[PDB]
Every structure is written in C-alpha cells, then in structure tokens.
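Q: Structure file final-v2.pdb, PDB, C-alpha atoms, is pasted below:
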```pdb
ATOM      1  CA  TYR A   1     -50.686  72.042  -1.065
ATOM      2  CA  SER A   2     -53.524  70.498   1.046
ATOM      3  CA  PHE A   3     -56.294  73.143   1.516
ATOM      4  CA  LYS A   4     -60.093  72.507   1.136
ATOM      5  CA  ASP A   5     -62.896  73.602  -1.315
ATOM      6  CA  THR A   6     -63.596  76.785   0.789
ATOM      7  CA  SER A   7     -64.447  80.232  -0.704
ATOM      8  CA  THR A   8     -60.712  81.225  -0.365
ATOM      9  CA  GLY A   9     -59.365  77.749  -1.360
ATOM     10  CA  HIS A  10     -61.407  78.043  -4.595
ATOM     11  CA  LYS A  11     -59.834  81.379  -5.725
ATOM     12  CA  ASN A  12     -56.323  80.526  -4.422
ATOM     13  CA  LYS A  13     -56.233  77.123  -6.248
ATOM     14  CA  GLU A  14     -57.663  78.881  -9.340
ATOM     15  CA  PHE A  15     -54.690  81.343  -9.096
ATOM     16  CA  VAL A  16     -52.344  78.308  -8.777
ATOM     17  CA  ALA A  17     -53.965  76.729 -11.877
ATOM     18  CA  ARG A  18     -53.335  79.861 -14.044
ATOM     19  CA  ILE A  19     -49.646  80.201 -12.985
ATOM     20  CA  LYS A  20     -49.133  76.395 -13.401
ATOM     21  CA  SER A  21     -50.371  76.854 -17.022
ATOM     22  CA  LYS A  22     -48.018  79.884 -17.622
ATOM     23  CA  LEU A  23     -44.645  78.026 -17.521
ATOM     24  CA  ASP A  24     -42.471  75.172 -18.913
ATOM     25  CA  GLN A  25     -43.819  75.436 -22.487
ATOM     26  CA  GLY A  26     -43.773  71.805 -23.776
ATOM     27  CA  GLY A  27     -42.700  70.164 -20.437
ATOM     28  CA  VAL A  28     -38.903  70.407 -21.145
ATOM     29  CA  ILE A  29     -37.806  71.852 -17.763
ATOM     30  CA  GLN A  30     -39.848  68.957 -16.298
ATOM     31  CA  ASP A  31     -37.810  66.644 -18.616
ATOM     32  CA  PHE A  32     -34.563  68.008 -17.031
ATOM     33  CA  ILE A  33     -36.092  67.778 -13.498
ATOM     34  CA  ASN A  34     -36.993  64.165 -14.301
ATOM     35  CA  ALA A  35     -33.753  63.161 -16.149
ATOM     36  CA  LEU A  36     -31.492  64.278 -13.293
ATOM     37  CA  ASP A  37     -33.993  62.805 -10.689
ATOM     38  CA  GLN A  38     -34.215  59.301 -12.094
ATOM     39  CA  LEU A  39     -30.615  58.851 -13.271
ATOM     40  CA  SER A  40     -28.467  60.583 -10.775
ATOM     41  CA  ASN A  41     -29.461  58.955  -7.443
ATOM     42  CA  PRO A  42     -26.971  56.035  -6.812
ATOM     43  CA  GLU A  43     -27.660  52.671  -5.029
ATOM     44  CA  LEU A  44     -28.128  54.758  -1.815
ATOM     45  CA  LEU A  45     -31.618  55.729  -3.140
ATOM     46  CA  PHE A  46     -32.893  52.399  -1.717
ATOM     47  CA  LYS A  47     -31.456  53.113   1.765
ATOM     48  CA  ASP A  48     -33.353  56.454   1.947
ATOM     49  CA  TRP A  49     -36.887  55.501   1.129
ATOM     50  CA  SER A  50     -36.407  52.290   3.068
ATOM     51  CA  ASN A  51     -35.835  53.935   6.401
ATOM     52  CA  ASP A  52     -38.538  56.420   5.481
ATOM     53  CA  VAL A  53     -40.855  53.429   5.129
ATOM     54  CA  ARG A  54     -39.363  52.132   8.377
ATOM     55  CA  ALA A  55     -40.397  55.283  10.196
ATOM     56  CA  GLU A  56     -43.820  55.353   8.569
ATOM     57  CA  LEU A  57     -44.514  51.683   9.372
ATOM     58  CA  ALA A  58     -44.671  52.437  13.098
ATOM     59  CA  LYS A  59     -47.985  54.157  12.325
ATOM     60  CA  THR A  60     -51.428  52.566  12.336
ATOM     61  CA  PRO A  61     -52.621  50.636   9.248
ATOM     62  CA  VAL A  62     -54.614  53.712   8.146
ATOM     63  CA  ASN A  63     -51.231  54.967   6.887
ATOM     64  CA  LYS A  64     -51.696  52.716   3.836
ATOM     65  CA  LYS A  65     -52.203  55.807   1.664
ATOM     66  CA  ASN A  66     -48.774  57.128   2.645
ATOM     67  CA  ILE A  67     -47.380  53.610   2.246
ATOM     68  CA  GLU A  68     -48.639  53.540  -1.339
ATOM     69  CA  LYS A  69     -47.310  57.053  -1.942
ATOM     70  CA  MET A  70     -43.899  55.782  -0.804
ATOM     71  CA  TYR A  71     -44.118  52.620  -2.899
ATOM     72  CA  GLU A  72     -44.976  54.609  -6.017
ATOM     73  CA  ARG A  73     -41.717  56.513  -5.670
ATOM     74  CA  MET A  74     -39.492  53.482  -6.050
ATOM     75  CA  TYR A  75     -41.956  51.929  -8.487
ATOM     76  CA  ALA A  76     -41.741  54.839 -10.920
ATOM     77  CA  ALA A  77     -38.016  54.873 -10.219
ATOM     78  CA  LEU A  78     -37.342  51.196 -11.001
ATOM     79  CA  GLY A  79     -40.197  48.829 -11.727
ATOM     80  CA  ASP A  80     -41.961  50.583 -14.586
ATOM     81  CA  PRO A  81     -40.717  49.268 -17.953
ATOM     82  CA  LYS A  82     -38.900  51.922 -19.985
ATOM     83  CA  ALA A  83     -38.860  54.164 -16.938
ATOM     84  CA  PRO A  84     -38.303  57.901 -17.495
ATOM     85  CA  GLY A  85     -34.643  58.839 -17.513
ATOM     86  CA  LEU A  86     -33.625  55.348 -18.644
ATOM     87  CA  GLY A  87     -30.602  55.163 -16.375
ATOM     88  CA  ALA A  88     -27.621  52.917 -17.005
ATOM     89  CA  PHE A  89     -26.906  51.783 -13.487
ATOM     90  CA  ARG A  90     -30.619  52.398 -12.969
ATOM     91  CA  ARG A  91     -31.294  49.780 -15.634
ATOM     92  CA  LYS A  92     -28.719  47.522 -14.004
ATOM     93  CA  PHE A  93     -30.374  47.840 -10.609
ATOM     94  CA  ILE A  94     -33.922  47.298 -11.843
ATOM     95  CA  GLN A  95     -32.649  44.316 -13.830
ATOM     96  CA  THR A  96     -31.072  43.048 -10.603
ATOM     97  CA  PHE A  97     -34.311  43.724  -8.733
ATOM     98  CA  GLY A  98     -37.122  42.351 -10.834
ATOM     99  CA  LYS A  99     -38.408  38.930  -9.766
ATOM    100  CA  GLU A 100     -36.355  39.425  -6.579
ATOM    101  CA  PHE A 101     -38.609  42.365  -5.726
ATOM    102  CA  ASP A 102     -41.735  40.414  -6.661
ATOM    103  CA  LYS A 103     -40.731  37.513  -4.413
ATOM    104  CA  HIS A 104     -40.103  39.524  -1.266
ATOM    105  CA  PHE A 105     -40.902  43.175  -1.022
ATOM    106  CA  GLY A 106     -43.785  43.974  -3.336
ATOM    107  CA  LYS A 107     -45.533  40.721  -4.237
ATOM    108  CA  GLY A 108     -46.407  42.483  -7.480
ATOM    109  CA  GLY A 109     -47.544  45.488  -5.464
ATOM    110  CA  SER A 110     -49.779  43.506  -3.128
ATOM    111  CA  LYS A 111     -47.449  43.745  -0.128
ATOM    112  CA  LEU A 112     -49.523  46.765   0.978
ATOM    113  CA  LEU A 113     -51.507  44.545   3.353
ATOM    114  CA  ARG A 114     -48.731  43.651   5.806
ATOM    115  CA  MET A 115     -48.251  46.932   7.656
ATOM    116  CA  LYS A 116     -48.777  45.438  11.127
ATOM    117  CA  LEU A 117     -45.178  44.290  11.729
ATOM    118  CA  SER A 118     -42.016  46.193  10.875
ATOM    119  CA  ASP A 119     -39.385  43.437  10.681
ATOM    120  CA  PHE A 120     -38.827  44.028   6.960
ATOM    121  CA  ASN A 121     -35.640  45.882   7.907
ATOM    122  CA  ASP A 122     -34.077  42.440   7.556
ATOM    123  CA  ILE A 123     -34.927  42.243   3.856
ATOM    124  CA  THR A 124     -33.789  45.842   3.500
ATOM    125  CA  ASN A 125     -30.452  45.072   5.126
ATOM    126  CA  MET A 126     -29.768  41.922   3.148
ATOM    127  CA  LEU A 127     -30.529  43.773  -0.085
ATOM    128  CA  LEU A 128     -28.489  46.806   0.931
ATOM    129  CA  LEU A 129     -25.419  44.790   1.835
ATOM    130  CA  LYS A 130     -25.216  42.880  -1.417
ATOM    131  CA  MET A 131     -25.827  46.051  -3.379
ATOM    132  CA  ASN A 132     -23.161  47.900  -1.399
ATOM    133  CA  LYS A 133     -20.613  45.206  -2.180
ATOM    134  CA  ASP A 134     -19.698  44.805  -5.855
ATOM    135  CA  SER A 135     -21.409  48.141  -6.448
ATOM    136  CA  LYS A 136     -20.500  50.155  -9.513
ATOM    137  CA  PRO A 137     -19.554  53.832  -9.650
ATOM    138  CA  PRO A 138     -21.604  55.679 -12.248
ATOM    139  CA  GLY A 139     -19.751  55.181 -15.509
ATOM    140  CA  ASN A 140     -16.767  57.575 -15.703
ATOM    141  CA  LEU A 141     -17.583  58.197 -19.385
ATOM    142  CA  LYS A 142     -21.246  59.315 -18.872
ATOM    143  CA  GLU A 143     -22.531  58.087 -22.323
ATOM    144  CA  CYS A 144     -24.262  55.307 -20.343
ATOM    145  CA  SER A 145     -26.884  57.891 -19.112
ATOM    146  CA  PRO A 146     -28.722  58.384 -22.428
ATOM    147  CA  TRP A 147     -30.683  61.629 -21.731
TER
END
```
Can you dump the structure from the file as structure tokens?
A:
Amino acid sequence: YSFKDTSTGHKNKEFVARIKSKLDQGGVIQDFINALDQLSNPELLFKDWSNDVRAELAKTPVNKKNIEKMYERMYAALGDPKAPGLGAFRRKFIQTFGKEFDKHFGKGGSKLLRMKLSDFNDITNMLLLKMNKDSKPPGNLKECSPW
C-alpha cells in the first residue's frame, strides 16, 4: 500500500491497522511464511533478483531506494548471521558467498554508490556459472532444513 495522510487515507490505514492486529496470534503463520521463503528457494534465487537489479539499474541514480530494497532481500536471505529459516543449502551458499560477496558485489553494503554503469552482469554470470556447476539438490532426506 502507498497512499498518503489524507482524510480517507487516515481512516483506511486505521482500518488496516485493526485487521493487521486481529490475526496470526503469536506470529506463527508468519514463521511458516518465513521458513518456506528462506529455505525453499534453490541456487536460482540469485538469478532472479540479479536480473531484477539488472532491469532496475537502467534507471537514474535516484532509484537508490529501490536498489537498497532489492539488496535487503538477498541480505536478509543470506548475509545476516543466523538468518531466519536457517537453511542447509542456504547455509552452504552463504558460507560460499561471504568474503566473496564483500570483495565484489556489496563491499560490505557500500556498493550502493555505483549505479551509473550496469556491467555487473559479468560478476553475476561468473557467480551463476560456478554455482550452477557442482550444485547440490536439496538434501533428499530433508532433516538438513531444521525448521
């Protein structure tokens, strides 16, 4: 939702606030929505937000807000220590993309500056290849998916 502080936006967002309070007692349906989000998306997760970033990078540098909103996806997915879901191959991928991410793609998060040129598809491709090869199917006995 994206509507303003108007006399209707006030009462409508107040109605949203009361229904939002009415449901998921203890945040357990949100725990399912999270657990199956964060685990279940294979290596191919990278390919998706990467070409989304590719499309969004053709925009003017004022798109830095959307750039950050796209970085935070993968960040909450991978970079955050003890990330929600605690995936098995998720752990493997974040372990394989720690300092490697810091070197190239995020600079600790400070890559947000360089939105002028869109060549980064090269880094995307070189990552995506080597993760496609020697990739692992999610473990046939699912016990490596703790939630």
Q: Tell me which of A:85, A:132, A:99, A:143 sits closest to residue 35 (chain A), counting only C-alpha atoms.
A: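 Among the listed residues, A:85 lies closest to residue 35 (chain A).
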Q: For residue 138 (chain A), which of A:89, A:48, A:5, A:23 is the closest residue, counting only C-alpha atoms?
A: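 Closest to residue 138 (chain A) of all the choices is A:89.
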Q: Give the answer as one residue: which of A:33, A:78, A:83, A:123 has the shortest atom-to-atom distance to residue 95 (chain A), using all atoms listed in the file?
A: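 Among the listed residues, the smallest separation from residue 95 (chain A) belongs to A:78.
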Q: Residues within 9 Å of residue 79 (chain A), please, as a PyMOL selection string. Count only C-alpha atoms; anything in the same chain fewer than 3 positions from it doesn't count.
A: chain A and resi 74-76+82-83+94+97-98+101
Q: Have a look at A:127, A:45, A:58, A:67 and name the one nearest to residue 100 (chain A); count only C-alpha atoms.
A: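 For residue 100 (chain A), the nearest of the given residues is A:127.
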Q: As number ranges by chain, please: the residues near region 53-57 of chain A (cut-off 8 Å, all atoms listed in the file, same-chain neighbours under 5 positions excluded).
A: A: 63, 66-67, 70, 115-118, 121
Q: Emit as AutoDock Vina command-line options the padded axis-aligned box for all listed atoms of region 90-107 of chain A, 5 Å per side, with centre and edge lengths in Å to one decimal.
A:
```
--center_x -37.1 --center_y 45.0 --center_z -8.3 --size_x 26.8 --size_y 24.9 --size_z 24.6
```
Q: Is there a way to get, as an NGL selection string, all residues within 10 Å of the point (-28.3, 47.9, -4.8) in file coordinates, counting all atoms listed in the file?
A: :A and (42-47 or 89-90 or 92-94 or 96-97 or 127-136)
Q: Which residue, A:62, A:80, A:27, A:6, has the smallest gap to residue 109 (chain A) when you use all atoms listed in the file?
A: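 The shortest atom-to-atom distance to residue 109 (chain A) comes from A:80.
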Q: Quick one: distance from CA of residue 51 (chain A) to CA of residue 64 (chain A) in Å, one decimal?
A: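 Separation of CA of residue 51 (chain A) and CA of residue 64 (chain A): 16.1 Å.
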Q: CA of residue 2 (chain A) and CA of residue 71 (chain A), how far apart in Å?
A: 20.6 Å
Q: Nearest to residue 40 (chain A): which of A:106, A:87, A:146, A:137 is it, counting only C-alpha atoms?
A: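 Checking each candidate against residue 40 (chain A), we get A:87 as the closest.
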Q: Near residue 31 (chain A), within 10 Å and counting only C-alpha atoms, which residues show up once chain neighbours fewer than 6 positions away are dropped, as a ChimeraX atom specification?
A: /A:24,37,84-85,147
Q: Could you state the separation of CA of residue 86 (chain A) and CA of residue 108 (chain A) in Å, given to one decimal place?
A: 21.3 Å
